[PDB]
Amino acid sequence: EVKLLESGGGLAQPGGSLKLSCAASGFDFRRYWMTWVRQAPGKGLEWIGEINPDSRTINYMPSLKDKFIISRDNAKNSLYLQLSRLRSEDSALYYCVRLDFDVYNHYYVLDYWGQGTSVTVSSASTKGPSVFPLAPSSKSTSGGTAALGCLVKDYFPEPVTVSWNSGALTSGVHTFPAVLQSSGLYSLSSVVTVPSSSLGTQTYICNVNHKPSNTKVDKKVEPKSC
C-alpha cells in the first residue's frame, strides 16, 4: 500500500528558493531509490534527479545539477527537494516518485508516483477566485435531467479544488481544466447534471478552495427566479 504525499508547493518569487518535501509509507523506504520529476504547463514529464538508499549516490538532470538539491531522511520516511534561483521555467507540478532499482536484471522502473505539488514562479500577488453560479436553465417541471454549475474566475496562481455538496455529489460532475486569461488570471468551470424534478427540493452547493490565498467559498446554485 505505497503512498507518496508531496507538500511545500505554492507561489514563489523569481530568484527565490523553495523546499518541497514528500512523506512515504507502505514500503521499506530505507531500501529504495527515490526520484523527483516535474511537469510544466503544456509540456511532458521532465526527470529532475534521484537519490539512492544511503544518500551516497545522487544524480541530477544536467541543467539543474546545481540549482536543485535532493536529500532524504530515512528515519522519517521523507524525501526533499531544494529549489533555488527560481525562474518562470520552473513553474510546474513536482512529483515524488519511487524507483524500483534491480541491477541484477537491469530492470529500472518508476513504479509509484505521488499526485504532485504545484509550484508557480511569478512576481504577481495571489488572488482569490470569484465564484459565480451557472443556473439551471430548466424547470423542475420540464422533467429529465438539468445542467448547473459554478464559474470560478480570476484567481492566481493554480490550483483551485472544486467539489459538490462537500463531496457527497460526484456522479455526473465535470470540472474543466483552468484556462489562463489574457489578464494573467486563471478561470475554470465545474458543472453537474441532476434530475430536473429535484430542482427546488435538493440543495446544490459547489465548494471551491484556493489555498494560495486561503480562500474557501461555498456557493449555492439555484434556478433564477422570473
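Heads up: residue numbers just count along the shown sequence, starting at 1.
Checked against the record, the higher mean CA B factor of 23-31 and 191-199 lies with 191-199. Look at the mean CA B-factor for 180-188 and for 42-50 in the entry; the higher one is 180-188. Of all the options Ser55, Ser63, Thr175, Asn59, the entry's greatest CA B-factor is assigned to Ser63. When the CA B factors of the chain's modelled residues are split into thirds, the value for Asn105 lands in the highest one. The entry lists a Cα temperature factor for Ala75 that places it in the middle third of the chain's modelled residues.
When the modelled residues of the chain are ordered by C-alpha B-factor, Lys139 sits in the highest third. Compared with the other modelled residues of the chain, the Cα B-factor recorded for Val37 ranks in the lowest third. Among the modelled residues of the chain, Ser123 sits in the highest third by CA temperature factor in this PDB entry.
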